[PDB]
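In what follows, a structure is listed as structure tokens, so that the remarks can point back to it.
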Amino acid sequence: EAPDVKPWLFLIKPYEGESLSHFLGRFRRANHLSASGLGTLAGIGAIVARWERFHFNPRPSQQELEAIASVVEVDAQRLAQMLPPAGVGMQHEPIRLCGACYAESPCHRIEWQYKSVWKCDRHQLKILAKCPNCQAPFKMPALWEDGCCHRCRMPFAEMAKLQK
DNA sequence: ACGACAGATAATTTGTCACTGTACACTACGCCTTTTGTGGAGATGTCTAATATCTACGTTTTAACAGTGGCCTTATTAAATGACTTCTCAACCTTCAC
Ligand SMILES: [Mg+2]
Ligand SMILES: [Zn+2]
Ligand SMILES: [Zn+2]
């Protein structure tokens, strides 16, 4: 062993509005974990691959968030802030993006999936629901490694000027 | 007396020559034995490199398959089908109609 070392893992700081799908994707990339791997590591199994698609029948339970809060050092109350608050309706399929936010903070925001959200009040821009250059839909936020459209390679920060 | 002068005289050798005894008569280096150092085969003993044989050293290659790992969405309501469960399985009397 390395003497006086504590068993450790690569951590990531969650951004102020980062979605759980985006967060788990970064944590998985930081540790080169497959989606099945993190679920086995937390012991919740295939559930992680389901959450990364925003498939929330059922929602992330107290048990499973506290389980993920054992391998991720982020506490379960902060993990619950990566999800819609109680009774806020959300949509999983059309993945959406502000772009002007992504130039400031490279994360998907869970509020971009709310059924009540359509503009960024900070930027006063209509949030995108597909790539404005090539019309390809955005991939699940767990897969936003490159920070660009997977088809035409336009960076999300440039898509800010193609909004509203 | 003895012996001592010059010369006699009985030896001594030098030289002749008639006589005779003998070889020439072909007939020894030759017959035979032993040793002996040199020499010619010719049976026999001497003793190796080497071209294998003759397995093993074990070492690669295969394929079979075993184990790890990723993925796989989840809910409601209706229908069909197959099943399960539960419940039930009175009876005598009155009244008004020919
Ligand atoms: Mg839709
Ligand atoms: Zn914005
Ligand atoms: Zn594009």
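Keep in mind that the numbers below use all heavy atoms, side chains included, and drop hydrogens, waters and symmetry copies. Reminder, nothing fancy here: chain letters follow the sequence lines and each chain counts from 1. Both ligands and their constituent atoms are indexed starting at 1 by order of listing.
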For the residue pair A/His22 and A/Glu52, confirm or rule out a side-chain donor-acceptor distance under 3.5 Å. no
Output yes when a side-chain donor or acceptor of A/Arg96 lies under 3.5 Å from a complementary backbone atom of A/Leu128, and no otherwise. no
Carboxylate-amine/guanidinium proximity below 4.0 Å for A/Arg26 and A/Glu145: no
Using 2.8 Å as a strict upper limit, say whether an N, O or S atom of A/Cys152 approaches the Zn ion (ligand 3) that closely. yes
In degrees, rounded to 10 degrees, what angle do A/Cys149 atom SG and A/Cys131 atom SG make at the Zn ion (ligand 3)? 110°
Shortest-distance N/O/S atom, A/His123 versus the Zn ion (ligand 2): ND1
Is there a path of hydrophobic side-chain contacts, each under 4.5 Å between heavy atoms of I, L, V, M, F, W or Y residues, that connects A/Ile68 with A/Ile12? yes
